[PDB]
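Line order of the protein sequences matches chains S and L.
Letter by letter, the first sequence follows residues 4 to 68, 75 to 389 in full-length UniProt numbering.
Heads up, the second sequence is in full-length UniProt numbering, so the first residue is 4 and it goes up one at a time.
In this text, a Cβ means the ideal position worked out from N, Cα and C, and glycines have one as well.
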Amino acid sequence: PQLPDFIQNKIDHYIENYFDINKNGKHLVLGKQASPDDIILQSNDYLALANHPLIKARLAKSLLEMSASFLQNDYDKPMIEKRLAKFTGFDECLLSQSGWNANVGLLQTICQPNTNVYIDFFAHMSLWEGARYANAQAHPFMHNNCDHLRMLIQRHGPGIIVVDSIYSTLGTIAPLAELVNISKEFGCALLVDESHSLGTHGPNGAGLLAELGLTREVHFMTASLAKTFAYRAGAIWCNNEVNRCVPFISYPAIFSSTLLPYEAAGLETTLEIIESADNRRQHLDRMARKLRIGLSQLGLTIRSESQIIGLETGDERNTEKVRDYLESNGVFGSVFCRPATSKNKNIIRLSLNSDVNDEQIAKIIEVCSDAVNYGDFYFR
Amino acid sequence: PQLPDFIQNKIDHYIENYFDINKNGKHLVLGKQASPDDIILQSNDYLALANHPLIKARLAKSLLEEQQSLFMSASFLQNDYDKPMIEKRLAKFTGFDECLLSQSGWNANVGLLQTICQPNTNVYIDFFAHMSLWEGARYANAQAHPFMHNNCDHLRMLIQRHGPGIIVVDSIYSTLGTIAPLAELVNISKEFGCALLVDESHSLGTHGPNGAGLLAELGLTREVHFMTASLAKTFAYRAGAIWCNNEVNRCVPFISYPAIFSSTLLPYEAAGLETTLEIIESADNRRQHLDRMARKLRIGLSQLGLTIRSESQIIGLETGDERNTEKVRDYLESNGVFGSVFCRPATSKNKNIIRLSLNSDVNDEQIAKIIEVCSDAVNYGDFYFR
Numbered sequence: 004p005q006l007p008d009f010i011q012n013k014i015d016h017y018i019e020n021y022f023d024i025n026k027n028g029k030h031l032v033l034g035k036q037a038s039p040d041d042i043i044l045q046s047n048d049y050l051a052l053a054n055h056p057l058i059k060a061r062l063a064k065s066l067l068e075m076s077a078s079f080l081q082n083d084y085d086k087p088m089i090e091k092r093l094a095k096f097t098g099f100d101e102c103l104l105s106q107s108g109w110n111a112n113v114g115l116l117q118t119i120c121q122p123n124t125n126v127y128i129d130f131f132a133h134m135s136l137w138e139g140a141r142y143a144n145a146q147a148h149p150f151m152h153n154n155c156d157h158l159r160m161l162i163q164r165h166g167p168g169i170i171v172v173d174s175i176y177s178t179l180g181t182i183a184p185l186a187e188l189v190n191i192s193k194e195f196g197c198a199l200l201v202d203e204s205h206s207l208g209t210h211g212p213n214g215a216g217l218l219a220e221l222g223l224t225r226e227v228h229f230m231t232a233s234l235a236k237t238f239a240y241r242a243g244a245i246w247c248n249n250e251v252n253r254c255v256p257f258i259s260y261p262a263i264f265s266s267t268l269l270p271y272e273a274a275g276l277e278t279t280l281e282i283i284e285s286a287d288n289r290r291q292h293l294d295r296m297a298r299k300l301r302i303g304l305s306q307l308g309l310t311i312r313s314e315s316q317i318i319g320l321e322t323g324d325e326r327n328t329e330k331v332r333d334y335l336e337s338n339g340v341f342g343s344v345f346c347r348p349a350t351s352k353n354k355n356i357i358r359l360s361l362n363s364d365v366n367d368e369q370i371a372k373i374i375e376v377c378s379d380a381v382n383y384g385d386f387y388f389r
Numbered sequence: 004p005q006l007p008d009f010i011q012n013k014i015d016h017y018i019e020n021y022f023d024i025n026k027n028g029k030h031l032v033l034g035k036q037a038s039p040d041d042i043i044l045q046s047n048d049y050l051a052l053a054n055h056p057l058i059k060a061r062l063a064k065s066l067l068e069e070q071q072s073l074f075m076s077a078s079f080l081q082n083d084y085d086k087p088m089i090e091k092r093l094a095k096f097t098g099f100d101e102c103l104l105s106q107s108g109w110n111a112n113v114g115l116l117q118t119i120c121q122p123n124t125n126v127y128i129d130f131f132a133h134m135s136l137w138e139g140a141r142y143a144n145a146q147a148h149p150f151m152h153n154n155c156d157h158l159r160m161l162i163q164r165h166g167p168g169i170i171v172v173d174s175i176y177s178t179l180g181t182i183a184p185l186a187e188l189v190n191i192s193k194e195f196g197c198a199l200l201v202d203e204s205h206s207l208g209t210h211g212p213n214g215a216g217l218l219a220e221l222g223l224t225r226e227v228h229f230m231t232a233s234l235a236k237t238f239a240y241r242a243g244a245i246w247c248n249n250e251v252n253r254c255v256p257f258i259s260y261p262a263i264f265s266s267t268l269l270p271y272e273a274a275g276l277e278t279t280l281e282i283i284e285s286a287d288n289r290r291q292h293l294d295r296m297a298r299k300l301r302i303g304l305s306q307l308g309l310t311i312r313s314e315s316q317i318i319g320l321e322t323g324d325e326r327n328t329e330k331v332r333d334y335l336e337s338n339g340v341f342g343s344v345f346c347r348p349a350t351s352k353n354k355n356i357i358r359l360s361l362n363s364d365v366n367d368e369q370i371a372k373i374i375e376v377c378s379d380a381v382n383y384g385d386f387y388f389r
């Protein structure tokens, strides 16, 4: 059944302006195929746990042998939640199907149809849509800009301040200490997404709030477990009662099925293995810094302060050229383009993980050095 | 950390207006704990595949095989060598040109609506269609136009009045267990230049040739633009899929927010689904059984005078307001029958439902007990029905 025009028209225009314009007839995010020799910097599995023998074993053993609301009794709630909460220092933790759902769910629970939400420009898209589904009043503030933040709160009233601890496209770090002060001052709740800091930062990997000593000041913490925990799930920690209600309020929690008990048993192993990876955290940290210093001396804006490094490659055409160069030279990042970015501010993201060599770090810098000189594109 | 008042007070009111009011202090969906003797009817595992050894084997087997640290958006894995053979197998299984994998039924629906919709777009949706279809629409800012449950007349007038658009339905509705009038809707879709989208979550695998679904049973597959399913029912797995008889699946992976900004299924989950597909392809036995048992239950209850709108393995007990619903639940659980409470936001506060979901492991003896308990319930119990 051929499509009606109202759909077909849209689909053609999309196909035209998003696939056809690229030199390979594909979406900008899709490039070449990588070799076993090439350097891949795409995964969010920062501590390189995706193959971990123990973790796999725990899962197989547990799988050998509906909705989440009907499982909110004391006897129905998994040990993994008590361990994560303890781990993080927060009072309660609630499992979700994903980081995305965790954000969406928390926000729908705690928000009302005009609630002030003060969200960093670069906060994960799920926080945005979170506030949007709840029909909250979104108040964007310039990246990590507390002055802008103050203005807007002063202007619009108390509400919920929303940030990534470590930003997904840029590797920047939120001014958590100052944001904690700001929410105290203006009687606001603070929601922090530690997707990119949890496991990689803090004491035993417990995260940045843990590292900065700010856990006790923060109302809410969320995270995807599809980064360091290398698992398709989410979690919401509360220093309050909200978690008793989220399972009955959040749509994703109500009308969408939950993880099974073996999935939750697999996380417990991951947690242990994470707590002890002081080795991998330190090495990764070393590597990120090495890479960060090396790209900066080249002239590239490198805002990152973490294991996520953003090569700012301007507009789509330029971004394609940059990507092709990087890939032809054995370096594979991930293109971030609209709607994650704006059309004219794409990023090629380099995700570092604990498996990366000093040798591989020197190659990335080198390849970028030569890129800088080549002259087929520019960097911002 | 003292929550702001505009939060502390939302929670404090909810806790009381939803938890406190119930006899057990718990939410209305939470009854007592079930014993082994009790007849549990809450699962969506219609063919009883959850603890299947062959499925467990392949999941575990492929899980143990190797890492591919593919913790990233599914957008990044859309090259044809990157796309799982389960999609191609599912496509062929249902007869659609293209299948695409999603992290859940909910996402399948949201993602697809985001992709085909413009803010102006007309969306003719069944009053009782799954929430994920309403929210998808609402998220795309589309022009939603609800029509009365399974009413082709009401639907015609809407399209008549508002123009071409997307017709959205469940094949089998998840609360009432009713079956949409698919043949007619197809025709209406043609009689007005609309697109058809059917959510077969509750018919896929339980229905049609080899469980290929309801569209396939009726020979409609070629006439329909779109089908979606939760794979968390008969397929018993946390994932969803989108089927297109067109090129829309080329674009979903890049426009759907869920599909872009949330992590993809691991390749070992794909491998797992494959075994399940085979099992289901082969489960004619478990189907026929379920079908017959559902029919016994439906007749059994209808003869009791109860409204039994269902025509499937989902039976809707209509139990009115929350108080009265609370009494019906306790009574059904007091005897060994659970029992799946549907209430706001799923239903109107006044039209709550206690859903009985049958599966292939249910036996004649058990039905009778169910009928016996509701008969006594009608009847003897201090509460009403609709």
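Distance between residue j and residue i (C-alpha atoms, nearest Å)
i: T267/S; j: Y387/L; result: 33 angstroms
i: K236/L; j: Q5/S; result: 30 angstroms
i: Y142/L; j: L136/L; result: 10 angstroms
i: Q306/S; j: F9/L; result: 48 angstroms
i: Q121/S; j: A140/S; result: 9 angstroms
i: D379/S; j: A132/S; result: 33 angstroms
i: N249/L; j: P7/S; result: 11 angstroms
i: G211/L; j: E90/L; result: 19 angstroms
i: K354/L; j: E321/L; result: 7 angstroms
i: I169/L; j: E368/L; result: 44 angstroms
Member of the options whose CA lies at the smallest distance from the CA of residue i
i: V126/S; options: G208/S, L158/S, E101/S and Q106/S; result: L158/S
i: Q106/S; options: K352/S, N382/S, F264/S and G339/S; result: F264/S
i: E336/L; options: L218/L, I42/L and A140/L; result: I42/L
i: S285/S; options: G208/S, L320/S, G319/S and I89/S; result: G208/S
i: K59/S; options: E68/L, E375/L, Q5/L and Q11/L; result: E68/L
i: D202/S; options: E194/S, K35/S and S177/S; result: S177/S
i: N338/L; options: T310/L, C197/L, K372/L and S65/L; result: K372/L
i: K352/S; options: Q45/S, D8/S, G323/S and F9/S; result: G323/S
i: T328/S; options: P56/S, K86/S, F131/S and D385/S; result: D385/S
i: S259/S; options: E19/S, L104/S, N12/S and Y17/S; result: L104/S
For residue j and residue i, believed in contact at Cβ under 8 angstroms, the rounded distance
i: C247/L; j: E101/L; result: 5 angstroms
i: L276/S; j: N362/S; result: That belief does not hold up - the Cβ atoms of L276/S and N362/S are roughly 19 angstroms apart, past 8 angstroms.
i: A183/L; j: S192/L; result: Actually they are not in contact, since the Cβ atoms of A183/L and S192/L sit about 12 angstroms apart, beyond 8 angstroms.
i: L62/S; j: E325/S; result: Rounded, the Cβ-Cβ distance is 40 angstroms, inconsistent with contact.
i: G180/S; j: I283/S; result: The Cβ separation is near 20 angstroms, so there is no contact.
i: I162/L; j: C197/L; result: 6 angstroms
i: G108/S; j: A239/S; result: Between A239/S and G108/S the Cβ distance is about 13 angstroms, and since that is not below 8 angstroms, they are no contact.
i: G28/S; j: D333/S; result: Not a contact, Cβ separation roughly 14 angstroms.
i: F130/S; j: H152/S; result: 5 angstroms
i: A186/L; j: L221/L; result: 6 angstroms
Proximal chain L residues relative to residue i, where beta-carbon distance stays under 7 angstroms
i: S105/S; result: Neighbours of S105/S on chain L: none; closest Cβ ~11 angstroms, over 7 angstroms.
i: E138/S; result: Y260
i: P7/S; result: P167, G196, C197 and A198
8 angstroms Cβ cut-off: residues of chain S touching residue i
i: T178/L; result: Within chain S, no residue comes near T178/L; the closest Cβ sits about 11 angstroms away, beyond 8 angstroms.
i: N82/L; result: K29, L33 and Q36
i: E69/L; result: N54
Under 7 angstroms by beta carbon: chain S residues contacting residue i
i: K59/L; result: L66 and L67
i: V251/L; result: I14
i: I119/L; result: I10
Under 9 angstroms by beta carbon: chain L residues contacting residue i
i: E226/S; result: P4
Per-residue contacts from residue i into chain L (C-beta, under 8 angstroms)
i: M296/S; result: Ordered by position in chain L, no residue passes the 8 angstroms Cβ test against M296/S, which lies about 16 angstroms from the chain.
i: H133/S; result: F264
i: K236/S; result: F74
Contact with chain C by residue i, beta-carbon distance below 8 angstroms
i: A239/S; result: This model lacks chain C altogether, as its protein chains are S and L.
Heavy atom of the ligand GTP within 7 angstroms of residue i beta-carbon
i: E203/L; result: Inclusion of the ligand GTP in the displayed structure is not the case, the ligand content being empty and no account of it being possible.
If contact is defined by three or more beta carbon pairs under 8 angstroms, each pair taking one atom from either stretch, is the segment 264-284 of chain S in contact with the segment 336-350 of chain S? no
Counting pairs of Cβ atoms below 8 angstroms between the segment 24-40 of chain S and the segment 48-66 of chain L, do you hit three or more? no
Using 8 angstroms as the threshold, is the segment 107-119 of chain L in touch with the segment 284-299 of chain L, meaning 3 or more CB pairs across them? no
Looking at C-beta atoms only, is the number of pairs between the segment 147-156 of chain S and the segment 119-133 of chain S that lie closer than 8 angstroms three or more? Judged by Cβ distances under 8 angstroms, the segment 147-156 of chain S makes contact with the segment 119-133 of chain S, as three or more pairs qualify.
Contact the segment 77-92 of chain S vs the segment 209-216 of chain S: 3+ CB pairs below 8 angstroms: Between the segment 77-92 of chain S and the segment 209-216 of chain S there are fewer than three C-beta pairs closer than 8 angstroms, too few to call the two in contact.
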